[PDB]
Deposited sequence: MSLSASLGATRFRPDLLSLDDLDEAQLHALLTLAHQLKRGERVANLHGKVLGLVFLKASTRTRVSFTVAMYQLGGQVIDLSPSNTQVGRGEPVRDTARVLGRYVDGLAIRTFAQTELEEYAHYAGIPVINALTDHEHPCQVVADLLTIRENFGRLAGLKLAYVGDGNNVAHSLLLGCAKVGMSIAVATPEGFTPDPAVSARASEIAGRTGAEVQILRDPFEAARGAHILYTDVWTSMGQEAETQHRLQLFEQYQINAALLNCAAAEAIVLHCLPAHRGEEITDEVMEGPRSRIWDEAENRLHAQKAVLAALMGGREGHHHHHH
């Protein structure tokens, strides 16, 4: 399978590319296949610190046998960096800045995280879901909280693998309507339902996965959007709980649920490494 040069948005992967990437991630993780980026160097440019993201990308590159380095107009820094390293994993606020790097770098650019999307988190999430249910299509994912970057990637990711998704948020914090429309377009072709709503318990109905993230009056506004025992009980019988981290116990989730038997948060976190190894191999391999 051929991949586009960069991974700036999950929408850079069509259904075929995403499934190929997910299969590779599984194979690499299980030792069924091996990849190597020996002699290659991954550059990390985070306009904002993120140890979590730095360590997962770095160990991922080390296990591929490569090296890593943590790192004026962007076109200048991008062009020179394109002369030293072989890949760039970058975190910036503006999706547009990320795109400028990809435009001048001359080497593969990977979205480590922007205000708009977080493609790698969701590839790791899809990985975790598949390992828990032995499938992705037909499942239902309920995301409660702020319609943010992870919500955006989830909308695209779920739709691309035929998974239904219900995104429940407070009135003024809905996901970008253009992304939700893009996700519906995709879902129409994979047989999935895409829903953007207000009530979390309605989104949770029948959900196999409950997903949340940190919240952006604060209390009154998001309080109902918390994955707790009540939300869990109202979801599919074998529901699982995901959270991209870090978590604020008492806000979007309870300690009880987080430390509960339905939590797959730690496996989800590990998969960040396995997912990113697949992308690094697919784009730099």
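Several segments of the deposited sequence have no coordinates for C-alpha: 1-9, 81-90, 236-244, 314-323, numbered from the first residue.
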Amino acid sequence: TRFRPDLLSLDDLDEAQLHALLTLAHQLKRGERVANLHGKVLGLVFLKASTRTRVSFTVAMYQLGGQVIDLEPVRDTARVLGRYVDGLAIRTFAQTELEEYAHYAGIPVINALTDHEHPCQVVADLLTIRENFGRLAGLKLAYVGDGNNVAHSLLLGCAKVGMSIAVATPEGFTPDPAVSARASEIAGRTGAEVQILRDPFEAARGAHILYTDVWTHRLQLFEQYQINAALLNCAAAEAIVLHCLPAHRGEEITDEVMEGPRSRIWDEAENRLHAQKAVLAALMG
From here on, numbers count along this sequence of modelled residues.
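Per the PDB record, of the two stretches 108-116 and 93-101, 93-101 carries the greater mean B-factor over its C-alpha atoms. If you average the C-alpha B-factors over 76-84 and over 120-128, the higher value belongs to 76-84. When the C-alpha B-factors of 245, 241, 61, 221 are read from the PDB record, the largest value belongs to 221. Considering 165, 197, 209, 186 together, the PDB entry gives 197 the largest C-alpha B factor.
Residue-level temperature factors show residue 201 in the highest third of its chain, judged at the C-alpha atom. When the modelled residues of the chain are ordered by C-alpha B-factor, residue 14 sits in the highest third.
Sort the modelled residues of the chain by CA B factor and residue 65 lands in the middle third. In this PDB entry, residue 233 carries a Cα temperature factor that places it within the highest third of its chain's modelled residues. Ranked against the other modelled residues of its chain, the C-alpha B-factor of residue 172 as given in the entry falls in the highest third.
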